[PDB]
Amino acid sequence: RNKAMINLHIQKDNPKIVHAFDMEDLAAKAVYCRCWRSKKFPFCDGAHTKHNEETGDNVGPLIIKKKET
Amino acid sequence: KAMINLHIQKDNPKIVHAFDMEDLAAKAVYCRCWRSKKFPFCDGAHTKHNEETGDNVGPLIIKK
Ligand code: FES
Ligand code: FES
């Protein structure tokens, strides 16, 4: 009946987890976690697969690429 | 174990978004909470989510 947290474990000493990157620093491809289960947060490490299988969810990452380095 | 995404595009078995930086404006704010009405962009819905659940999630920002 009570709504669940999305992030169970990550950096709980931080009252609001925000990441901010400059485009100029970006790699050719970055894969960012939107499931809060990655062990390498804020990057996606495939943990969303286990999460989706265990919970029936359908979440996946955000991919940011550069057309040119 | 509870789902994270409650309502967004449930006919897609795994929601992935991919963008090229050259297409972006000087600032893009991406939702990591699956509560935005403008998903995949952040509309501030994370604030209510954090308030109601005690969570601490927030967006990912790509800026110039
Ligand atoms: S590990 Fe979280 S979206 Fe892939
Ligand atoms: S609305 Fe989801 S992270 Fe801001």
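About the criteria used
Residues numbered from 1 in each chain as written, not as in the entry; some residues may be left out. Chains lettered and ligands numbered in written order. Heavy atoms only, no water. Residues with missing side-chain atoms left out of burial classes, pairs and counts. UniProt positions renumbered as here; feature names shortened; annotations may be inferred. 1 Å grid on protein atoms, 1.4 Å probe; cavity = no way out; pocket = protein on both sides within 12 Å on 5 of 7 lines; lining within 4 Å. Buried < 20%, exposed > 50% of the residue type's maximum accessible area, 1.4 Å probe, protein only. Contact = heavy atoms within 4.5 Å. Helix = DSSP H or I, 4+ residues; strand = E, 2+ residues; numbered from the N terminus.

Method of structure determination, per the deposited record: X-ray crystallography was used for this entry, reaching 1.3500 Å resolution.

Trainee: Which residues make up the UniProt feature "binding site: [2Fe-2S] cluster" in chain A, and what values do they have?
Mentor: Mapped onto this numbering, the UniProt entry annotates "binding site: [2Fe-2S] cluster" at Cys33, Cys35, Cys44 and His48 of chain A. A maximum C-alpha distance of 8.4 Å among these annotated residues, which run over 16 residues, shows that they cluster at one spot. Set against the largest cavity, the annotated residues named above that line it are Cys33, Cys35, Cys44 and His48 of chain A. On the accessibility criterion, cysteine 33 of chain A (2% relative accessible area) is buried. Apart from residues lying up to four places away in sequence, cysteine 33 of chain A is in contact with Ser38, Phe41, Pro42, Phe43 and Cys44 of chain A together with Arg32 of chain B. Among the structural elements, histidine 48 of chain A can be located in helix α1 (residues 47-55). Residues in contact with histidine 48 of chain A, not counting those within four places in the same chain, are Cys35, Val59 and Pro61 of chain A together with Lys14 of chain B.

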